[PDB]
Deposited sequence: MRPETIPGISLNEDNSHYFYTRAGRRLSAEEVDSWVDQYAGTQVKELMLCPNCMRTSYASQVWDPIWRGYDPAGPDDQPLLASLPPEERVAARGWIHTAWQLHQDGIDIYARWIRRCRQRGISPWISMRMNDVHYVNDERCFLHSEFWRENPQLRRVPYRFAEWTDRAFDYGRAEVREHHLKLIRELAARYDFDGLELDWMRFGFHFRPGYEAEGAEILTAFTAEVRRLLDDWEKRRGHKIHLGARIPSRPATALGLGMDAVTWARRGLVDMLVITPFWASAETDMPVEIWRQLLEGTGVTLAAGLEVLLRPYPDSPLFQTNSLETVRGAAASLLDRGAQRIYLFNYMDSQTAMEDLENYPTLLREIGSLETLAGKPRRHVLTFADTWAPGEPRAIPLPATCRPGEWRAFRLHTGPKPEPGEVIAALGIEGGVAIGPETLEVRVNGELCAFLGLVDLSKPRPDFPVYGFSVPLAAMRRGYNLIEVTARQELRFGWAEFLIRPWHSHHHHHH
């Protein structure tokens, strides 16, 4: 009964369906796969710097496009030949839909409500994909013509260095033009402000002024949706995607607690940016912070599952690891699981055959109960400029030294098997090299565990945990090594 909010990105459908002349029937059919699942909202994303629909106030993705032209034309010249094919798949599908009189978002909204699903629009507030390429097809001419409105003029080490400065009146007006249009054109149940594309909206050091600025921006959004409530004749919700930890959120100018108390938002999605799902987010603290605000707290997952920032592994969540994350987050008080990058092809879980099952399971403690789950230790990819970073992995244990990992495994395990599993980097160990404890209780060596994807490319050793040791919420692995070892990977596998 918590249920699922599922984000469809601005590019995905247009990439994957490229080369088909799409009917209105086919466009409608995309919604159907979500019908009869635990999905309660579809977060339809229509924009990056450019819109995928035929905007009057912004550049559509197909501005500058020669439909009959060669791949090597001005709009695509700046890409290597192979990437032209994929960009043009997005540009042409988006364009051809418009040429055929099909507004893909109007059709998805309408179809959502026939299928009992609540349709939302989710705007990317500050997308910066490929800003290293000034001539790239998907940048707005507004962005190309106005380098003075970027965040960081004194260097370029990161894409976010060329993000728009929301400190500027010009930049806010530019984003509010898109919103006024989205509210006029589309009869959505709610508008999501997606600050998490890419999280960085202010000059470094100006984030406190920025906080006051984004609260006032949010209030205008609410004030405008209140008008459209009267025009549409039903309630319109306003939500936002913000960082996973309160301090990082306030440090990037997102004072969501003020938004919630002033009645500006009624949904908050705490989430990472992209590098990895966070299996561990302080939901319970957010729940105290939002007490009495009537706001729906949504725990955001991302498709990637990686143990540390610098890992060369780029594997996605499985059904078992989303069951793990979802079990934990609901256990902590998440009033929704929110999927970002869990689409029906290309950007999707590694085990796509289990997507129907995933959408019928991860929305409830009841539907996860007694099912194989994996609770994997990751990290938070987004920190406010100069904020010290807390990254568990990797972790060296010198001989006779103790190392601890806390992993959130949510509901107490049902009768069955519990493994603490630990991967060791380098090139290894005896069954008495580690001493492994969970909540103080000795764990028996099991040996090499053969993991399903996602899995590291180094040995993973399994440790059998006494059932009764496991608690509700966090559980503590404690480990001492007789030899110096680097841990690259930690998890609990629970098999009832």
Residues of the deposited sequence that never got C-alpha coordinates are 1-5, 433, 503-511
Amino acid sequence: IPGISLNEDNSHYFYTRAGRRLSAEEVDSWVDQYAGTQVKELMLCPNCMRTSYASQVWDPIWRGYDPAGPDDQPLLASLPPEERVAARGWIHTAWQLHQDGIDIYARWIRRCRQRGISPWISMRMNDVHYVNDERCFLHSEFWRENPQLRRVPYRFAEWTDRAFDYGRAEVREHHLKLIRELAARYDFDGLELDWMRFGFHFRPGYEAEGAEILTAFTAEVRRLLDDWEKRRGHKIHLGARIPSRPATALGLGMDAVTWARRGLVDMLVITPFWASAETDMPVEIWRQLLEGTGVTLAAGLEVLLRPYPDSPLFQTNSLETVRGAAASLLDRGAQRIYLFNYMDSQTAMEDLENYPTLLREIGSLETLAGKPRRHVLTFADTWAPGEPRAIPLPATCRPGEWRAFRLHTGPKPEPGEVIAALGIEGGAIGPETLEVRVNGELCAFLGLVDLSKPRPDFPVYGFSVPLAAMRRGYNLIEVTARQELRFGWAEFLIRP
From here on, numbers count along this sequence of modelled residues.
For the stretches 273-281 and 260-268, which has the higher mean C-alpha B-factor as given in the deposited record?
260-268
For the higher mean C-alpha B factor in the entry, choose 364-372 or 123-131.
364-372
Top Cα B-factor in this entry, restricted to 255, 417, 387, 381, sits on 417
Looking at 302, 181, 165, 207, which has the biggest Cα B factor in the entry?
181
Within this chain, which third does the Cα B-factor at residue 228 fall in: lowest, middle or highest?
highest
Hey, what third does residue 84 fall into on Cα B-factor, ranked over its chain?
highest
Of the three thirds of the chain ranked by Cα temperature factor, residue 99 occupies the highest
For residue 177, does the deposited CA B-factor place it in the lowest, middle or highest third of the chain?
middle
Classify residue 235 as lowest, middle or highest third according to the C-alpha B-factor given in the PDB entry, relative to its own chain.
highest
